[PDB]
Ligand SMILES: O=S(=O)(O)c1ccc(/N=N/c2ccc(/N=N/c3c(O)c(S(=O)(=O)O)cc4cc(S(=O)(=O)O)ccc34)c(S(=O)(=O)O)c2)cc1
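Coming up is one lone chain in structure tokens, specifically the form solved without this ligand.
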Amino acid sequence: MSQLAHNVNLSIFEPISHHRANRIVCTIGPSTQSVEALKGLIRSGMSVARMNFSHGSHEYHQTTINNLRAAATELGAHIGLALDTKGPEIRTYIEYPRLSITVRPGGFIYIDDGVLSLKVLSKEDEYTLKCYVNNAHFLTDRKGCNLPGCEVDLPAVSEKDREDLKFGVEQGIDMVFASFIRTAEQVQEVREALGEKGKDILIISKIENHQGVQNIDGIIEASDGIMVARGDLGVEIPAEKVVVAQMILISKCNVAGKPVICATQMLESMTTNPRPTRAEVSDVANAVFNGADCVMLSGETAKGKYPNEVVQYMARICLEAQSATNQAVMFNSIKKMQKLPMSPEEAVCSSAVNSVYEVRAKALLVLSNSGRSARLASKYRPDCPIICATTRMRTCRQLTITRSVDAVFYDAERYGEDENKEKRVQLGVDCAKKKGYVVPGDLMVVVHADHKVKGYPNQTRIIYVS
């Protein structure tokens, strides 16, 4: 079916799957830092907690880290913990050494979330310029600002940035959202600051400016994932262009099989209102239609007054979108963008998803220790939940950004090695049952290795749940 024919035949009043495939990121703040509120977030459907290191002492974030782990352990929940960097930020005389030998007479310097426009006339000396206020406004201390024109000469990883990432490694974060990534080598610089000790931590590059967009191929190649950081992006490039940026980045990550997060103002009005606007409901649903793994929440939960409800909405919208998607068409078009010949693992994951569609399997079970194979299954967009039986707790938590996945922990030190995969496969099936995805009689597709092969999955299996 074409998109057109598909749309014409959508049911609207028949009920839907309740197994929500997409993942919701939440930013923690005053509204949501208490343990009790973190529990509400988890219950309401958060999978990842975002610490925004553009604000607050190491000590402030320590509280977040503590309260979360308290909430998550209490509820038995796996929750990605993410550290979002300050980056080469610019706040306010304004904080930017090379400001004058960097910005042209004629260009633009927007301030305070893009609201205040200013045009440059000439250079006064080595410090500042004299400019032209294009619309009136009032202007707090310490407000963020963009230089759409010039490419900024601040470092990808500042000194504060080293101290933050170091603190992050020490607290065992699961992933990094690196603000303002412009190139592949900047990604490499984040990788370095993390060092040997932080080498198993996911870097999600935030694309926030012109150059990030231009270098997307390279950044994707070097990162574990992308965030479409639309706040800054919408100020750095014309507002309407962001729509195209979002489509490009989401689809390229989809082809690359790397998680991608859509961010910023998705349900903005819910910062203060019980109900979202019509535009906002549609934004969330369309980020899912674009192929986004994750949709994110910022102000809405950091400092909003409806943090449970806003997440509940987000979850409800994702479910609806998910059910209005022709998922087999997604699977297929992704398959078609892959080079032949595939590696054996990739052909296996691709083919397992094929089987899922062929037998209408109710669950897909994959053994992954690093998450590689989980992400490789999810890359192919099956219409069912992916159970991942994993030996690492870090993997459970990192897999919270990947569409469709519920991770289950096999404690190998306690229960044995499981060379023949039987204990892990059993653990996965029980998980699928416990969660209501399957019952005896249903078909499952299972992915792992045969007896000989080590270091990747090379086998698919179709089994009947007992």
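In this text, residue numbers run from 1 along the sequence as written.
K.L.:
In the deposited sequence, how many residues between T92 and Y93 have no modelled coordinates (none, 1 to 3, 4 to 9, 10 or more)?
P.N.:
The entry has 10 or more unmodelled residues between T92 and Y93.
K.L.:
In the PDB record, does 171-179 or 250-258 carry the higher mean Cα temperature factor?
P.N.:
The recorded data point to 171-179.
K.L.:
Give the stretch, out of 315-323 and 98-106, with the larger mean C-alpha temperature factor in the deposited entry.
P.N.:
According to the entry, 98-106 carries the higher average C-alpha B-factor.
K.L.:
By the entry's C-alpha temperature factors, tell me which of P238, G76, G114, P382 sits highest.
P.N.:
Of the options given, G114 has the highest CA B-factor in the PDB entry.
K.L.:
Per the coordinate record, which of the options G198, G371, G225, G80 holds the highest CA temperature factor?
P.N.:
Checking the PDB record, the top C-alpha B-factor among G198, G371, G225, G80 is at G198.
K.L.:
Among the modelled residues of this chain, does the Cα B factor of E346 put it in the lowest, middle or highest third?
P.N.:
Lowest third, going by the recorded CA B-factors of the chain.
K.L.:
Divide the modelled residues of the chain into thirds by Cα B-factor and specify which third, lowest, middle or highest, holds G291.
P.N.:
Lowest third - that is where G291 ends up once the chain's C-alpha B-factors are sorted.
K.L.:
Going by the CA temperature factor in the PDB record, which third of the chain does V453 belong to: lowest, middle or highest?
P.N.:
It belongs to the middle third of the chain when residues are ordered by C-alpha B-factor.
K.L.:
Would you check the entry's CA temperature factor for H19 and let me know if it's in the chain's lowest, middle or highest third?
P.N.:
Middle third, going by the recorded CA B-factors of the chain.
K.L.:
When the deposited Cα B-factors of this chain's modelled residues are ordered and cut into thirds, is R278 in the lowest, the middle or the highest one?
P.N.:
Answer is middle: the recorded C-alpha B-factor places it there.
Below, we turn to the form solved in complex with this ligand, even though it does not appear here.
K.L.:
Check for me whether this ligand, as it appears in the deposited bound form, comes within 4.5 angstroms of all of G40, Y313 and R316 - heavy atoms only.
P.N.:
Not one of the three qualifies.
K.L.:
Going by a heavy atom distance of 4.5 Å, is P440 a contact of this ligand in the deposited bound form?
P.N.:
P440: no, not in contact with this ligand in the deposited bound form.
K.L.:
Test of understanding: in the deposited bound form, would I28 fall inside 4.5 Å of this ligand by heavy atoms?
P.N.:
Judged by the heavy-atom cut-off of 4.5 Å, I28 is in contact with this ligand in the deposited bound form.
K.L.:
Give a yes/no on whether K433 approaches this ligand to within 4.5 Å in the deposited bound form, heavy atoms considered.
P.N.:
Contact with this ligand, no.
K.L.:
Is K160 a contact residue for this ligand in the deposited bound form, using a 4.5 Å heavy atom cut-off?
P.N.:
Judged by the heavy-atom cut-off of 4.5 Å, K160 is well away from this ligand in the deposited bound form.
K.L.:
Just one stretch in 321-329, 302-310, 197-205, 280-288 has heavy atoms within 4.5 Å of this ligand in the deposited bound form, so which one is it?
P.N.:
Only one stretch qualifies here: 302-310.
K.L.:
Which pick from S47, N67, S44, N52 sits with a heavy atom within 4.5 Å of this ligand in the deposited bound form?
P.N.:
It is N52.
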